[PDB]
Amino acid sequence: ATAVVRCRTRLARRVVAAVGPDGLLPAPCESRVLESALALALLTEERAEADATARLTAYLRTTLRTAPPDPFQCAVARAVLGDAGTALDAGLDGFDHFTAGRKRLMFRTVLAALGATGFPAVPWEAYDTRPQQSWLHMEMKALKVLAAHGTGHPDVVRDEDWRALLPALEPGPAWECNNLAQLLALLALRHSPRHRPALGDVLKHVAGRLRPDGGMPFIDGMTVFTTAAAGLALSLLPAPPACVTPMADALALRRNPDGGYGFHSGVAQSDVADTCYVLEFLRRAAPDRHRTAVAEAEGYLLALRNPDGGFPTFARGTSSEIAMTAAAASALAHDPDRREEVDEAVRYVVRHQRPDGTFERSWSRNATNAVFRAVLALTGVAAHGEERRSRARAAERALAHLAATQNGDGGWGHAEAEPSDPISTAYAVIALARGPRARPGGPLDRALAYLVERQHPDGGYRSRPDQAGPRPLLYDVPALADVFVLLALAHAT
């Protein structure tokens, strides 16, 4: 067959082979400078785990020399190994997101907690946040506590502030698989005499999480998101492998009581991104076998829908997001009874397209992610008459943005002038596969050639990561590179 189909075949064999007999595709997160620095600061202050603190120090120095992250994370590591405001401004350089204000408060307080800068002179209510993702409440309370103690006003802390941190004292892996949240909570809790009896045992478990490279990962893993995305890719192949059934089973039995899905095993917080990938996959691979899970996931999404027609990530009443809205539109469009919500979601996407054809960055730090989600919703939901024209024009502007910013090597990076990476290019390919038929030398043709060229001898892909959290800080789940390139090649062939 073609080189693209040969490439797709080798990648599919590799992805199938990586799914375990439990139906899951393992998806560990790499060490990250931020969490490693916080783990270092916590263990150092507590004079615990000398072996672990030495490896963390070595990891941080090695990473800073050989693979330095964004300026904020570098400043954090330098603070702990020892222009903070300059690093904040550079790390949040034109971070254009509805959370920007919260993020500047958070990151500044992190740096101040580590002695790199002064604490923000804000009313304590600045740290108050409406209920959203479970662990976010804990992080904000931990930073409020650190600021109260750091500025010499410990009496400001109320019992309801401490109560928010109690999950950090539970044994075993971090609550909600989030090491950042537990590390921040523990840095705060070590200032409380009445919480100190529980600290010793958790510090031993923290220290036992170090990866072989001596670092601490952001999260314990991302196996639900990764397995669902890979199942979807595999289900779009001409003859899907048998393993889609155990993958569908493994996902369905992990559904949360609200009918949605978290990003990893043991994550009780559901989110629209995970849920939409699971729903799309189950719809194709197990619509009868898992009829009830499908219906519960649709019900989960509908109960999150915001009044403006968009969907938030975690909680109704937090800002709708374009990529989440497009994802939910595509995931809900399989039931003609949901057409009203689907159409309102697609209209939300069209209203929020930018004058240059783009949408926005959120959980992905490239522009191509939201383009691909938007284009799938704009072209996958059937529409006719005036509405067909409106959606086709918006999809055309998005695909034109892709063509206009395509790098000479045929790929795309995180931004118009960045070097190409396979993941960013994979998202663009999914979108462009909704455009005109590929032609020799055309944008889709060239993008597929780039992907063919970048395939490693072992059949896989190595890519700069695109996932951020907390936004805009990147974290690296290497398993996603193979999965999203496979999803692109499955869409494009």
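Start at 1 and count along the sequence shown; that's the residue number.
According to the entry, the stretch of the deposited sequence that connects residue 408 to residue 409 contains no residue lacking coordinates, so the chain runs unbroken between them. Stretches 21 to 29 and 479 to 487 differ in mean C-alpha B factor, with the higher average recorded for 21 to 29. For the pair 147 to 155 and 272 to 280, the record assigns the higher mean C-alpha temperature factor to 147 to 155. Of the candidates 267, 244, 138, 297, the deposited coordinates give 138 the top C-alpha B factor.
In the deposited coordinates, the residue among 253, 79, 327, 224 with the greatest CA B-factor is 79.
Among the modelled residues of its chain, residue 176 has a C-alpha B-factor that falls in the middle third according to the deposited record.
For residue 316, the recorded CA temperature factor ranks within the highest third of the chain's modelled residues. The PDB entry assigns residue 182 a C-alpha temperature factor belonging to the lowest third of its chain's modelled residues.
Ranked against the other modelled residues of its chain, the C-alpha B-factor of residue 437 as given in the entry falls in the highest third.
The entry lists a Cα temperature factor for residue 58 that places it in the highest third of the chain's modelled residues.
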